Amino acid sequence: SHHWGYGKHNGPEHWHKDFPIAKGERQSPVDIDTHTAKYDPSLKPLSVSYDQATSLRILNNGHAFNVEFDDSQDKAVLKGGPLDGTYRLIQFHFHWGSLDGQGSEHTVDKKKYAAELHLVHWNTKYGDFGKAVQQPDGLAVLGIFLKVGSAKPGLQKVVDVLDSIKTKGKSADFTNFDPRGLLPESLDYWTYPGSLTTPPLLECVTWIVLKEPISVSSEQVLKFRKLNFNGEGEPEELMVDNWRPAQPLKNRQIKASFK
Ligand SMILES: [Hg+2]
Ligand SMILES: [Zn+2]
């Protein structure tokens, strides 16, 4: 190791040495076995209210690129589904692969997608993000798979700014981006209790993974693979394969909102 990453020497199989919770009882991602997920008719439809979303900035943090939102008020929230209370969007980011046949963190019946989008929200009852991650119901992550096919118009503004945040630590102003353009048509989902997928790997997440993938074009995903893990003036290491493999389900049940 040294600092964690996705390489041979500091990749997911090493994390447990600095972050023992890596071998925990509620680690993510998982494989979603569709024939073993339990339909639960008591789950409510999700409620995504992103019409007042305020994006602020896009940042290359060395492991992905995050688009950050103003979370000082209830502007872009998620509620409903399996959640109690209101969760505010704080940031979204992707995980992707070096090839189109891999890239997602969750799998479906062992199927891997080209990428996976995570919309990260935190439970307002805890007052701030940093307090939320210390609680079992502190975050709610919506995960959306991407397959390669048609271009997604609403992703192009993201794609286009990537050249300006090529290396670790770079940021760019990124206002007026509407995350509604990244949702599939259907909001049917699976849900289970899990964790963050990067260190510190805290088990504070209710995952909501959407059944329906979105399509992106090959060119679009190609632009993701041009980013760098390294900082400026360091030897170039392309930012690819920044996904953690599926972890054991252990004593958990995946619930479906649909049949
Ligand atoms: Hg936690
Ligand atoms: Zn993620």
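Judging from the entry metadata, X-ray crystallography is the method by which this structure was determined, and 1.9 Å is the reported resolution.

Undergrad: I'm lost on the nonpolar core in this one. Help?
TA: Judged by nonpolar contacts, the single largest core of 48 residues is most densely connected at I58, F65, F92, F94 and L119. When contributions to this core are tallied by element, the ones reaching two or more residues are β5 (65-69), β7 (87-96), β9 (115-123), β10 (139-148), α2 (156-161), β13 (205-210), β14 (214-216) and α3 (218-224). The biggest single contributor to this core is β7, with 5 residues. Discounting residues that sit within four places of it in the chain, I58 has contacts with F65, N66, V67, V158, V161, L162, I165, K170, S171, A172 and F174. Judged by nonpolar contacts, the second largest core, of 24 residues, contains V30, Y113, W122 and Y126.

Undergrad: Sorry if this is basic, but what is going on with the coordination of the zinc ion (ligand 2) here?
TA: Four donors placed tetrahedrally around a metal ideally meet at 109.5 degrees, and six donors placed octahedrally ideally meet at 90 or 180 degrees. The protein atoms that coordinate the zinc ion (ligand 2) are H93 (NE2), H95 (NE2) and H118 (ND1), at distances spanning 2.0 to 2.2 Å. Going along the chain, you hit the donors of the zinc ion (ligand 2) in the pattern H-x1-H-x22-H. Residue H93 is found in strand β7, and its partner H118 is found in strand β9; the two are separated by 25 residues along the sequence. No difference in accessibility class separates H93 from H118, as the two residues are buried.

Undergrad: Any chance you could explain the UniProt feature "active site" in the chain here in plain terms?
TA: Taking the UniProt record as the reference, the feature "active site" is found at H63. If you trace the backbone, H63 turns up in the loop between β4 (55-60) and β5. Residue classification places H63 among the partly exposed residues on the basis of a relative accessible area of 23%. In this structure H63 touches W4, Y6, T198, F229, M239 and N242, once residues within four positions along its chain are discounted.

Undergrad: Quick question: what am I supposed to make of the pairing of β10 here?
TA: In the case of a regular strand, side chains alternate between the two sheet surfaces. Taken across its 10 residues, β10 has 8 buried, putting it largely inside the fold. The sheet contact formed by β9 and β10 spans 8 bridges and is antiparallel. Looking at the pairing, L119 lines up with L142 of β10. Two strands pair when backbone bridges link them, and β10 and β14 are joined in this way by 3 bridges, in the parallel orientation. Among the inter-strand pairings, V148 is bridged to a residue of β14, identified as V216.

Undergrad: So what exactly am I meant to see when it comes to the packing of aromatic side chains here?
TA: Aromatic ring pairs are reported here in terms of the distance separating the ring centres and the angle at which the planes meet. What the rule picks out here adds up to 15 aromatic pairs. Look at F69 and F92: their rings are 6.0 Å apart centre to centre, the planes differ by 40°, and that puts the pair in the tilted class. Residue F69 is located in strand β5, and its partner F92 is located in strand β7; the two are separated by 23 residues in the primary sequence. Of the two residues, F69 and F92, both sit in the buried class. Centroid distance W96 to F224: 5.2 Å. Interplanar angle 65°. Geometry classified as edge-to-face. Note that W96 is positioned in strand β7 and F224 in helix α3, a separation of 128 residues in sequence. For the pair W96 and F224, a shared accessibility class is recorded, and that class is buried. Among the aromatic side chains, those forming a connected cluster through ring pairs are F65, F69, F92, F94, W96, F174, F177 and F224. When the ring centre of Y113 is taken as origin, the NZ or CZ atom of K111, which lies over that ring, is 4.4 Å away.

What counts and how
- Residues numbered from 1 in each chain as written, not as in the entry; some residues may be left out.
- Chains lettered and ligands numbered in written order.
- Heavy atoms only, no water.
- Core = buried A, V, L, I, M, F, W, Y, C linked by side-chain atoms within 4.5 Å.
- Buried < 20%, exposed > 50% of the residue type's maximum accessible area, 1.4 Å probe, protein only.
- Helix = DSSP H or I, 4+ residues; strand = E, 2+ residues; numbered from the N terminus.
- Contact = heavy atoms within 4.5 Å.
- Donors = N, O, S within 2.8 Å, 3.2 Å for Na, K, Ca; no water.
- UniProt positions renumbered as here; feature names shortened; annotations may be inferred.
- Pairing = 2+ DSSP bridges.
- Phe/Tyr/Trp six-rings, centres within 6.5 Å; stacked < 30°, edge-to-face > 60°.
- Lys NZ or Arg CZ within 6 Å of the ring centre and 35° of its normal.

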